[PDB]
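Peer 1: Here it is, the structure in full.
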Amino acid sequence: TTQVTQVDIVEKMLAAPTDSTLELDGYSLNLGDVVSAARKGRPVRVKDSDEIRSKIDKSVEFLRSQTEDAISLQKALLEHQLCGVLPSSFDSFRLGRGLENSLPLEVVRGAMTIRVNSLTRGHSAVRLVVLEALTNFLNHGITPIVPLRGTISXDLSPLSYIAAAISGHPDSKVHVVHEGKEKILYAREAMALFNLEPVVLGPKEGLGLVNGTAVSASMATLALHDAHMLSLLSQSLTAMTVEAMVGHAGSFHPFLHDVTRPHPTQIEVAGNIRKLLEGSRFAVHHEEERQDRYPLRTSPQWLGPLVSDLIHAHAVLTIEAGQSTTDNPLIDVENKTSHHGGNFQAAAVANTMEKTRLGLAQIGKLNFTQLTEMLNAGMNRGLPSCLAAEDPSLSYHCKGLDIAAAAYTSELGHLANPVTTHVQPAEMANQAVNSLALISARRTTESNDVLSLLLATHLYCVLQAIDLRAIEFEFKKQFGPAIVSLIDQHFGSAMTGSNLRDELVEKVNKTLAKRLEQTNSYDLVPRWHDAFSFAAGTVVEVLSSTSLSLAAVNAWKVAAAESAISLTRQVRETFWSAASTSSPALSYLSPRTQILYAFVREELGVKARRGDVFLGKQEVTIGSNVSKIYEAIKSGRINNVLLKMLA
Amino acid sequence: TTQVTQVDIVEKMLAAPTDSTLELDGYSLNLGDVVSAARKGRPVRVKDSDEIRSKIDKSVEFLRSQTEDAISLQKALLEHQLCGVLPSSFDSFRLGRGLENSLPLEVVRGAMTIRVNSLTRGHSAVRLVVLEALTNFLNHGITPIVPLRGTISXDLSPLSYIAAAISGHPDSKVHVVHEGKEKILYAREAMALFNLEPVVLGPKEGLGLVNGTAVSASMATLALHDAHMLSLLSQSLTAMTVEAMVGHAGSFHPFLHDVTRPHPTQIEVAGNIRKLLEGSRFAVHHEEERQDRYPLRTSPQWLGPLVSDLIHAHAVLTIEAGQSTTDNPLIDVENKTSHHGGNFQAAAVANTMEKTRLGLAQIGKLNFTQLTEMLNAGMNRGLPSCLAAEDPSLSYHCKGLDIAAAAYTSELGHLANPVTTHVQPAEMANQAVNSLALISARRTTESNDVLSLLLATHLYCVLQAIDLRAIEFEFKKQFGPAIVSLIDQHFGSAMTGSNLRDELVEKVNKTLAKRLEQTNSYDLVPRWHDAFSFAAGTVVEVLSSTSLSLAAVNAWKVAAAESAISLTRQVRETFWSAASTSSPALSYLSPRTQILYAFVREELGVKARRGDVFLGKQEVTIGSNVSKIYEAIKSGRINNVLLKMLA
Amino acid sequence: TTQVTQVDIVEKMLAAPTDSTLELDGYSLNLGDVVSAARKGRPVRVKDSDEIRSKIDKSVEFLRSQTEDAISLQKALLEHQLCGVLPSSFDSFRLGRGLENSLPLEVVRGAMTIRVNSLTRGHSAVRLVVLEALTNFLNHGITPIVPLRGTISXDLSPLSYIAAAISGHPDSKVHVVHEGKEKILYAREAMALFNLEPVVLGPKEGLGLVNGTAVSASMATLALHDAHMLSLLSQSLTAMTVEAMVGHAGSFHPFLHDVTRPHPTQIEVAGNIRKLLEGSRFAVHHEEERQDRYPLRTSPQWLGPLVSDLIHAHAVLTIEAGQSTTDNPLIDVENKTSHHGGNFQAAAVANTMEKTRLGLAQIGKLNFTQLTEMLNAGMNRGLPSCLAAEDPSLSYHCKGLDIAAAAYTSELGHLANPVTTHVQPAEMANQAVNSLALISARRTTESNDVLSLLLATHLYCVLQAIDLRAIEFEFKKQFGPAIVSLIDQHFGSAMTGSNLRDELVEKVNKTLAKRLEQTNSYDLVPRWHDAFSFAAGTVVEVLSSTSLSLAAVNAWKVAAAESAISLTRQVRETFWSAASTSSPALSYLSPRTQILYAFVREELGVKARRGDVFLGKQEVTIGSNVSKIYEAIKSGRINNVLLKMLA
Amino acid sequence: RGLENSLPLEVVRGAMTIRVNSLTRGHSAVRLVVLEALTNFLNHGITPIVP
């Protein structure tokens with residue numbers, strides 16, 4: 001639909017407050033909201049309504065009227081569910097290790113937020129003091145430690161650990177930061193510290209808690225949120241690769257989408273890239289009288305299908321996470337009746353994770369092909385061998401990254417296979433079909449991580465590639481006239497009263513380019529002597545009817561190259577002398593892509609790399625720098641940059 | 001969205017005329033249209049309009065104004081494309097074998113239809129006579145033979161074999177039916193049989209003919225079409241299994257979907273099933289004081305997500321097949337400019353196919369779990385062992401089908417893995433990313449096929465099950481009172497003046513049912529003696545205070561069992577004596593599901609099966625029957641009976 | 001182990017007689033045997049021995065001593081098994097279509113052969129007359145029609161259709177050839193045409209006939225057989241590509257395998273390639289002072305692992321197909337005891353198929369990367385653009401095949417995913433684990449097929465490449481001196497008494513080669529003018545101190561280029577005028593690889609291609625030719641030419 | 001948490017052991033003092049953090 005783009009969605013999510021308290025009313029909770037609560041420690045509370053309180057209280061009352069095994073049964077439903085694996089002791093912990101078998105804290109916080117929001121719909125019949133137990137945990141930084149695996153997503157077990165924690169189970173353990181450091185204390189031990197009192201689960205109040213898809217919906221919401229970002233970064237990387245490659249903006253022309261193949265997201269993607277490329281002095285906007293490969297040229301038709309899936313996933317997950325009661329059985333109250341269904345079958349969130357993971361693998365394949373092309377000397381239209389600043393003979397700057405990019409891409413491929421086709425006949429066959437939503441959600445989450453390493457690698461590389469390209473442009477700017485000059489100083493007199501000027505200038509220059517594009521692997525000196533050497537053979541053809549010794553041309557050849565090698569060395573020192581805030585790239589880069597350049601180059605401190613050898617020094621590794629770009633993506637810091645350049 | 005459902009789409013598709021000529025205008029082509037013209041030999045033609053003819057002629061005229069190599073180049077860009085593999089001779093052909101390496105006929109006709117439509121948009125710049133070359137071919141049943149494999153769906157090769165066929169190529173075979181029998185002639189050797197004249201491609205009139213998605217879009221349209229039907233059949237099968245299982249309709253109540261988890265497609269599927277179940281005597285509609293399993297109870301939330309993808313896929317494909325120019329370059333006549341993009345990257349159609357194939361596996365899994373549960377004596381609530389009409393000892397009716405069901409399901413799982421993750425650096429890396437659309441379409445088509453096998457098998461089995469259920473019902477109808485009769489005849493006098501009446505009849509009936517549930521694998525005689533034998537134990541409890549000999553009750557037992565044995569044998573013969581058109585099943589089945597039962601039991605001839613042993617003969621095999629149902633699905637005959645019961 | 005190689009196995013298989021009758025004795029059956037009897041209509045029979053007949057009769061006699069229901073039960077355990085799907089009528093059949101849902105003929109014959117062999121072991125307890133029922137069927141070309149799908153390879157159904165065919169079932173069709181043409185008759189309607197008498201199964205003589213792996217083992221044997229050939233063809237293709245690429249044979253030196261990484265199969269493959277490369281004029285054998293890519297250089301370590309699996313698979317299958325009773329129960333006559341186990345769980349054969357299918361994808365990938373590199377003008381060391389004989393402008397010879405290659409490879413990837421991970425809780429859960437052997441065998445067979453398409457395409461392309469290489473060689477042979485000639489004719493006098501001779505000839509030749517490497521995409525005229533134009537620049541350097549006009553050298557340039565243009569055009573016509581049996585390629589190709597070249601260029605008729613444009617005509621398409629090579633692989637005709645060049 | 005993006009210590013220790021064992025075959029041409037650098041790391045519980 002040409003109304004609501006991924007960007008609209010990202011801006012909405014990014015607008016979510018982290019300070020103001022989030023109010024759960026059972027219907028307006030959105031994806032940006034759950035993410036702010038899970039990761040940004042946003043305060044959370046069941047909306048101060050009365051309507052909400054009444055329907056809640058009414059649900060409970062309707063049940064009270066239909067005291068013994070009611071509580072006992074709950075204990076029996078919680079017992080068999082606390083069956084997951086977790087480190088038995090703290091002795092197993094090690095530096096940077098220890099909690100691998102536990103669900104990420106943000107997933108648990110997001111799960112509790114979604115758990116409460118749905119219980120406010122007055123269908124579950126669980127006391128308001130129980131929902132409050134959960135919001136207090138969230139507001140006091142108390143997060144239950146729950147096993148990573150064990151659920152088939154009909155999320156009974158992980159949810160039970162949450163219930164056990166609030167109900168103060170003896171073996172229940174929780175996580176919490178106690179001024180300065182983080183600790184893992186027992187449930188009743190943590191609650192004691194914050195003056196919180198353990199709740200006591202009553203009639204059917206246990207199924208109303210352990211039933212549901214809150215844990216899946218939570219991790220899935222975190223994953224879709226991260227994937228949107230990666231999607232927009234991919235598009236930004238495309239625009240910047242079009243620039244570094246000196247490609248064509250025309251592939252993103254409205255006629256090639258809006259008109260001829262009106263897929264709303266093909267239009268959306270082409271529109272975004274078109275926008276990013278506007279005002280670019282790197283990319284080509286017109287031609288007068290040429291190829292440009294699929295990685296760049298077919299990028300909208302490649303990413304477009306993926307984007308609609310991500311937009312679709314967003315529709316599904318906002319309904320799932322903010323407007324659905326996934327418990328069972330459910331009460332109708334106003335109609336005085338209980339219904340037995342299966343709203344706990346998280347096939348909806350599983351379906352979004354399966355589709356997103358395949359999409360994450362398609363985005364990675366696209367960007368990999370663009371990046372590997374740009375890193376291929378015989379394909380990147382002139383750029384230095386491995387994006388090395390100095391002589392390639394002792395510099396292979398990005399070769400390893402080119403390799404790492406393939407490694408990430410391969411892994412995304414395997415990760416992309418479906419999880420939902422591996423359903424087993426669980427629970428004495430009563431749960432013969434289960435969604436496997438959290439397992440799918442977990443796989444998609446790893447794919448986000450792997451794509452992030454790939455895209456952080458691509459960003460690092462294009463930056464370096466456009467700086468180099470900026471250097472080529474600075475050089476060309478001055479060498480263009482210099483060629484004309486050194487020509488006349490050596491041939492003007494050699495032949496006057498002829499047309500041996502406008503022609504020799506046009507053919508020499510046309511021959512120089514032709515050869516220099518497939519000689520970008522040569523070290524500086526040999527490259528230029530090779531260039532004009534070929535250029536000489538061109539003068540011999542235009543100036544056939546002229547009086548000149550072969551030593552009178554060989555002098556023009558050694559002088560032309562000499563100037564080129566001296567020029568190039570000049571432009572280079574100028575660049576490495578000026579701070580990045582003054583980079584020559586900032587005068588060719590589009591105003592919008594210039595925003596990401598500055599973010600990485602200025603705010604993240606990762607600069608262009610000269611080359612250990614040349615510098616005669618081993619500087620902070622490339623990896624240490626890629627790692628910094630990677631971390632900006634995982635923390636989300638880059639999100640606003642992306643929004644700002646695409647808004 | 002709650003507007004437009006899968007049935008709304010199917011209805012619209014099945015409304016596509018087969019006789020009325022189809023006029024292509026570059027924007028109105030439907031998926032119902034495309035299908036009628038490819039599988040229903042519906043006449044096609046480029047709409048008789050001046051507008052169409054105008055822009056067509058203009059696109060050409062624009063080109064003609066920017067001599068020799070123009071045609072040559074197109075004899076080059078057609079030479080290297082005719083590189084697929086196909087039987088070199090007819091000496092290879094065998095009985096029911098020979099064209100495995102050729103593209104299905106209907107796919108070619110559809111591609112032909114789609115090719116033309118897109119050409120009418122005037123972005124191509126190809127003569128109208130050429131478009132007519134294809135239409136004539138379609139109108140005369142002239143379908144070229146094209147290799148099954150070879151393209152990476154950037155579909156150059158497949159299309160080339162279509163061009164060379166209407167361009168009269170010496171080594172360009174085709175397929176047609178010459179009154180009575182079909183044959184495989186050569187291009188000009190078939191066109192000179194229908195008065196057709198082979199066209200000659202002019203300037204860039206080859207690329208505008210071989211650059212496109214036509215072939216993929218065609219096969220994808222046929223696969224999505226078939227998948228829509230299978231998707232409806234799966235819901236029908238769900239309803240009928242709820243009946244055969246004497247399950248609960250409450251799982252499809254609007255409160256458990258429309259109100260609690262408002263996913264449009266979960267509501268859509270729940271509604272469909274609720275409908276089909278309305279007025280069913282088999283399914284339960286309300287209790288009064290259970291445990292339906294997930295295969296039945298969670299079907300809406302299981303199928304809902306898949307349904308939304310098929311509906312999303314329809315939106316993608318309609319725009320692709322009926323409103324997009326997937327060629328390159330593209331001309332903007334009313335702007336005097338040529339555009340170089342990449343609308344040939346069929347990622348859009350591959351996306352639909354990838355998601356559809358996964359959906360087909362999810363459907364298969366659901367129906368399999370339903371079917372296998374219904375075939376499990378320990379889970380099917382009292383149905384006969386293997387759905388055998390007579391004694392189980394010498395009857396294992398659907399044993400093989402349960403196993404075949406698992407076989408088809410397993411195959412569906414492996415088929416569902418993605419194809420788009422196996423992209424290769426094709427064509428000197430220029431085509432580093434390619435959609436693989438046709439290959440994916442091909443795989444999805446195979447899943448359509450295997451699901452058809454699974455659903456045909458499920459249909460066969462559910463039918464036999466409800467008849468057997470009908471018989472159980474008729475029996476329980478007459479046996480109920482019989483029990484109350486023989487009870488007095490033997491007791492009554494045994495203890496008059498007390499309450500040993502209402503109680504003895506309740507408890508005996510109750511204990512009689514609890515033991516029959518798990519004894520449905522016994523023959524008939526021992527089964528019934530087992531039942532009342534257990535009952536007699538209940539008698540000893542109720543009639544504790546009474547004067548009766550152990551032989552007095554043993555007489556009651558044998559009598560009861562004898563009555564039951566005779567009774568069941570009676571209700572059976574009554575069933576097998578009456579034509580299916582008078583089957584007692586029609587008295588319990590819902591009005592809507594009865595339609596499917598009648599379609600199979602009558603129009604198909606596939607009747608219930610009593611048993612080869614019993615009947616002392618070997619009648620047409622189970623398979624031959626299942627094949628009938630399968631053949632009804634593949635031909636599309638069952639399509640209107642599906643719309644009929646759901647519309 | 002270093003004993004027994006893949007070739008040793010192939011040799012042994014291709015040594016299986018087709019005329020000499022095959023005698024089954026329950027322990028000697030080979031995989032070469034099984035194949036000859038299923039694909040080579042080789043006569044089969046239960047070895048004429050008393051021992052065999054003794055234990056057979058004894059197994060029966062043991063049973064007969066522990067009347068009615070005995071036969072009935074077997075009419076029940078055959079009823080429910082004939083549940084597969086197959087065309088209900090012949091009105092469905094079409095040209096080259098009709099039996100897609102039936103098991104391949106050869107598979108049935110093989111299963112038939114294997115069934116019998118296992119029965120001769122006397123563990124079954126089935127009459128000898130029954131075994132003869134099957135042998136006769138095989139000897140008379142009577143092959144029953146059995147449904148393609150249905151079994152989970154615990155292969156009850158498929159086999160049942162074989163029993164019912166020789167047991168004379170009314171609804172049990174079969175296939176046979178009645179002098180001249182093949183037909184599909186009924187059981188007794190075909191046996192009463194060959195004087196055969198339908199057998200009647202007695203006590204437990206049905207289970208001992210339908211319980212087994214026969215069908216899976218059969219298809220797996222045929223697939224492994226084909227895979228062995230493909231595996232050898234892949235190594236042959238590797239060697240020929242090293243030639244066409246003028247690569248290095250050093251990568252196959254024994255020190256880089258036998259000594260440094262002693263993996264038996266890496267040594268085995270390295271040896272095979274080393275061999276084929278012995279005495280090659282194309283491949284380099286030693287330097288004297290490079291960079292072969294992994295597709296060529298790492299082929300032994302890439303194919304080695306896969307080869308070991310095929311050899312391991314052979315060991316598994318031979319024991320399975322020729323020395324195992326996969327029925328149940330099983331009788332130990334000389335111990336008076338019946339055993340209940342599970343030798344019908346074909347996990348063994350599924351294992352072979354799963355690993356073989358993955359291997360087929362690894363092979364395809366390797367050969368694809370080799371082929372696509374050879375087709376890349378920028379990587380193929382000087383070969384013509386798309387392997388076009390004439391000017392590239394109007395010739396893109398193998399463009400379509402590079403793309404088809406990627407297409408086949410992508411398909412191989414998806415096919416390679418496992419099938420054994422999709423096991424379902426079949427048959428009321430009694431068969432909770434089942435091998436899925438036949439389904440896996442079926443998939444592996446398809447990979448055999450698609451790899452054949454890929455390798456046939458690779459073979460076609462390498463052939464064209466070496467001819468073109470041969471032409472380059474013949475040209476370089478005569479051009480070398482020509483350069484040294486025209487150099488003196490124009491220079492020499494220009495500067496006598498100096499060293500401007502040995503130097504000018506070296507540097508010019510050197511710079512002439514460096515520019516030709518990357519100019520192989522130019523037509524011919526501009527190409528050569530481009531070359532010496534660059535050369536002239538080198539002249540100006542060497543002949544710096546000499547009296548010569550710019551028109552003096554420009555004369556040399558044009559002269560040189562003119563010479564080259566004429567020369568190349570001469571060596572070309574010399575090539576196209578001589579029959580292939582006299583192709584200059586035979587002078588450079590290794591003795592062993594020449595065998596493949598001759599097999600294709602002669603016996604197959606597939607000649608090099610000059611170009612439709614140039615020749616001013618449209619000759620048999622590339623595809624029709626590739627199809628020939630493909631057909632040679634499928635028929636197994638190329639098998640002996642493979643053994644011939646490797647033996 | 002913290003070291004998820006690093007290879008497990010045992011893999012690195014096993015890698016160093018295998019690295020040395022193969023360098024003793026006299027095909028690599030790497031000084032013995034270099035192989036010793038690796039065994040000392042292993043014997044002193046020094047394990048390089050690797051991505």
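Chains: A, B, ... in order of the structure tokens. Residues: from 1 per chain. Ligands: from 1, in order shown.
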Please return, as a ChimeraX atom specification, all residues of range 200-380 of chain B that DSSP assigns to strand (DSSP E) on the basis of the backbone.
Peer 2: /B:330-332,337-339
Peer 1: Those same residues, written as a PDB file, in the first residue's frame with C-alpha atoms?
Peer 2:
ATOM      1  CA  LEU B 330      12.262   0.738 -20.877  1.00  0.00           C
ATOM      2  CA  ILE B 331      11.024   3.690 -22.887  1.00  0.00           C
ATOM      3  CA  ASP B 332       9.183   6.768 -21.702  1.00  0.00           C
ATOM      4  CA  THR B 337      13.880   9.000 -22.895  1.00  0.00           C
ATOM      5  CA  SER B 338      15.123   5.460 -22.444  1.00  0.00           C
ATOM      6  CA  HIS B 339      15.594   4.050 -18.934  1.00  0.00           C
TER       7      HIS B 339
END
Peer 1: List the spatial neighbours of residue 437 in chain A as an MDAnalysis selection string - criterion: any atom at most 8 Å away, only C-alpha atoms, same-chain residues fewer than 4 positions off excluded.
Peer 2: chainID A and resid 152:153 216 346:347 349:351 353 420 441
Peer 1: Mind pulling up the distance from CA of residue 463 in chain C to CA of residue 601 in chain C?
Peer 2: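 Value for the CA of residue 601 in chain C-CA of residue 463 in chain C distance: 8.4 Å.
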Peer 1: B:373, B:106, B:91, B:562: which is nearest chain C, counting only C-alpha atoms?
Peer 2: B:373
Peer 1: Suppose you want the space between CA of residue 278 in chain C and CA of residue 633 in chain C; what is it in Å?
Peer 2: 25.1 Å
Peer 1: Which residues of chain C have any atom within 8 Å of an atom in chain A when counting only C-alpha atoms, and what is the closest pair of atoms for each, with the distance in Å to one decimal? Order the rows by chain and rising number and write it as JSON lines.
Peer 2:
{"residue": "C:378", "atom": "CA", "partner": "A:378", "partner_atom": "CA", "distance": 7.4}
{"residue": "C:421", "atom": "CA", "partner": "A:422", "partner_atom": "CA", "distance": 7.6}
{"residue": "C:422", "atom": "CA", "partner": "A:422", "partner_atom": "CA", "distance": 6.6}
{"residue": "C:424", "atom": "CA", "partner": "A:424", "partner_atom": "CA", "distance": 7.6}
{"residue": "C:425", "atom": "CA", "partner": "A:425", "partner_atom": "CA", "distance": 6.9}
{"residue": "C:533", "atom": "CA", "partner": "A:537", "partner_atom": "CA", "distance": 4.9}
{"residue": "C:534", "atom": "CA", "partner": "A:534", "partner_atom": "CA", "distance": 4.6}
{"residue": "C:535", "atom": "CA", "partner": "A:537", "partner_atom": "CA", "distance": 6.9}
{"residue": "C:536", "atom": "CA", "partner": "A:537", "partner_atom": "CA", "distance": 4.7}
{"residue": "C:537", "atom": "CA", "partner": "A:537", "partner_atom": "CA", "distance": 4.0}
{"residue": "C:538", "atom": "CA", "partner": "A:533", "partner_atom": "CA", "distance": 6.4}
{"residue": "C:540", "atom": "CA", "partner": "A:550", "partner_atom": "CA", "distance": 5.1}
{"residue": "C:541", "atom": "CA", "partner": "A:554", "partner_atom": "CA", "distance": 5.8}
{"residue": "C:543", "atom": "CA", "partner": "A:550", "partner_atom": "CA", "distance": 6.6}
{"residue": "C:544", "atom": "CA", "partner": "A:551", "partner_atom": "CA", "distance": 4.4}
{"residue": "C:545", "atom": "CA", "partner": "A:551", "partner_atom": "CA", "distance": 6.2}
{"residue": "C:546", "atom": "CA", "partner": "A:550", "partner_atom": "CA", "distance": 6.9}
{"residue": "C:547", "atom": "CA", "partner": "A:549", "partner_atom": "CA", "distance": 6.4}
{"residue": "C:548", "atom": "CA", "partner": "A:549", "partner_atom": "CA", "distance": 6.4}
{"residue": "C:549", "atom": "CA", "partner": "A:548", "partner_atom": "CA", "distance": 6.4}
{"residue": "C:550", "atom": "CA", "partner": "A:544", "partner_atom": "CA", "distance": 4.9}
{"residue": "C:551", "atom": "CA", "partner": "A:544", "partner_atom": "CA", "distance": 4.3}
{"residue": "C:552", "atom": "CA", "partner": "A:544", "partner_atom": "CA", "distance": 8.0}
{"residue": "C:553", "atom": "CA", "partner": "A:540", "partner_atom": "CA", "distance": 7.3}
{"residue": "C:554", "atom": "CA", "partner": "A:541", "partner_atom": "CA", "distance": 5.9}
Peer 1: Leaving out residue 273 in chain C and any residue of its chain fewer than 6 positions from it, which residues lie within 10 Å of it when counting only C-alpha atoms, given as a PyMOL selection string?
Peer 2: chain C and resi 232+235-240+242+249+251-253+267+299-300+646
Peer 1: Sorted by chain and rising residue number, which residues of chain D lie within 7 Å of chain A, and what are their closest atom pairs and distances in Å to one decimal, counting only C-alpha atoms, as JSON lines?
Peer 2:
{"residue": "D:1", "atom": "CA", "partner": "A:96", "partner_atom": "CA", "distance": 4.4}
{"residue": "D:2", "atom": "CA", "partner": "A:96", "partner_atom": "CA", "distance": 4.1}
{"residue": "D:3", "atom": "CA", "partner": "A:96", "partner_atom": "CA", "distance": 4.7}
Peer 1: Any chance you could list, as an NGL selection string, the residues in range 287-496 of chain B that come up alpha helix (DSSP H) when DSSP is run on the backbone?
Peer 2: :B and (294-297 or 299-323 or 347-374 or 399-415 or 437-490)
Peer 1: With only C-alpha atoms as the counted atoms, please give the residues lying no more than 8 Å from residue 461 in chain A, apart from itself and same-chain residues fewer than 2 positions off, as a VMD selection string.
Peer 2: chain A and resid 371 387 398 457 to 459 463 to 465
Peer 1: Take the residues that were just selected and, keeping N, CA and C atoms, output them as a JSON list (two decimals), in the first residue's frame.
Peer 2:
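Generated file (selection-v1.json):
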[["chain", "number", "residue", "atom", "x", "y", "z"],
["A", 371, "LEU", "N", 29.25, -5.13, -1.89],
["A", 371, "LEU", "CA", 30.53, -4.94, -1.24],
["A", 371, "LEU", "C", 31.66, -5.72, -1.90],
["A", 387, "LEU", "N", 41.39, -1.42, -1.37],
["A", 387, "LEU", "CA", 40.99, -0.18, -0.74],
["A", 387, "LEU", "C", 42.16, 0.32, 0.11],
["A", 398, "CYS", "N", 41.40, -4.28, 2.99],
["A", 398, "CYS", "CA", 40.12, -4.96, 3.21],
["A", 398, "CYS", "C", 39.97, -6.40, 2.74],
["A", 457, "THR", "N", 30.64, -4.15, 8.40],
["A", 457, "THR", "CA", 31.82, -4.40, 7.59],
["A", 457, "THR", "C", 31.69, -3.64, 6.27],
["A", 458, "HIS", "N", 30.47, -3.59, 5.73],
["A", 458, "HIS", "CA", 30.22, -2.90, 4.48],
["A", 458, "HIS", "C", 30.35, -1.38, 4.71],
["A", 459, "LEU", "N", 29.77, -0.88, 5.80],
["A", 459, "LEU", "CA", 29.86, 0.54, 6.08],
["A", 459, "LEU", "C", 31.34, 0.94, 6.19],
["A", 463, "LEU", "N", 33.08, 3.72, 3.36],
["A", 463, "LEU", "CA", 33.65, 4.95, 3.86],
["A", 463, "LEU", "C", 35.05, 5.14, 3.30],
["A", 464, "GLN", "N", 35.86, 4.10, 3.48],
["A", 464, "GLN", "CA", 37.22, 4.12, 3.01],
["A", 464, "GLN", "C", 37.25, 4.26, 1.49],
["A", 465, "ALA", "N", 36.33, 3.59, 0.80],
["A", 465, "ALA", "CA", 36.27, 3.63, -0.65],
["A", 465, "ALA", "C", 35.88, 5.00, -1.21]]
Peer 1: Need to verify the contact set: residue 348 in chain A, 8 Å, only C-alpha atoms, exclusion of same-chain residues closer than 5 positions in sequence. Can you return it as a short mmCIF file (atom, residue, chain, number, x, y, z; two decimals) with N, CA and C atoms, in the first residue's frame?
Peer 2:
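Once everything was written out, this is around34.cif:
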data_model
loop_
_atom_site.label_atom_id
_atom_site.label_comp_id
_atom_site.auth_asym_id
_atom_site.auth_seq_id
_atom_site.Cartn_x
_atom_site.Cartn_y
_atom_site.Cartn_z
N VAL A 316 1.10 -7.72 11.96
CA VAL A 316 0.83 -8.94 12.74
C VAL A 316 1.29 -8.82 14.19
N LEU A 317 2.53 -8.40 14.41
CA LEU A 317 3.06 -8.28 15.76
C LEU A 317 2.43 -7.16 16.60
N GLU A 320 -0.67 -8.81 17.72
CA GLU A 320 -0.34 -9.90 18.63
C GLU A 320 0.12 -9.42 20.00
N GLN B 301 -5.71 -20.38 14.35
CA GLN B 301 -4.49 -19.67 14.63
C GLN B 301 -3.28 -20.30 13.97
N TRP B 302 -3.48 -21.49 13.42
CA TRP B 302 -2.43 -22.21 12.70
C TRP B 302 -2.53 -21.84 11.22
N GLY B 304 -4.46 -19.29 9.91
CA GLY B 304 -4.58 -17.85 9.71
C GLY B 304 -3.36 -17.16 9.15
N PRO B 305 -2.18 -17.35 9.76
CA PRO B 305 -0.96 -16.71 9.27
C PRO B 305 -0.63 -17.06 7.83
#
Peer 1: Just give me the gap between CA of residue 517 in chain C and CA of residue 516 in chain A in Å, one decimal is fine.
Peer 2: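 So the answer is 15.1 Å.
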Peer 1: Do a neighbour search on range 16-28 of chain D at 10 Å with only C-alpha atoms, toss out local chain neighbours closer than 3 positions, and write the hits as a PyMOL selection string.
Peer 2: (chain C and resi 260) or (chain D and resi 10-13+31-32+34-39+41-42+47-48)
Peer 1: For residue 586 in chain B, list every protein, DNA or RNA residue within 10 Å, evaluated using only C-alpha atoms, and leave out those in the same chain fewer than 2 positions away; present the list as an NGL selection string.
Peer 2: :B and (281 or 466-467 or 470 or 580-584 or 588-591 or 593-595 or 597-598)
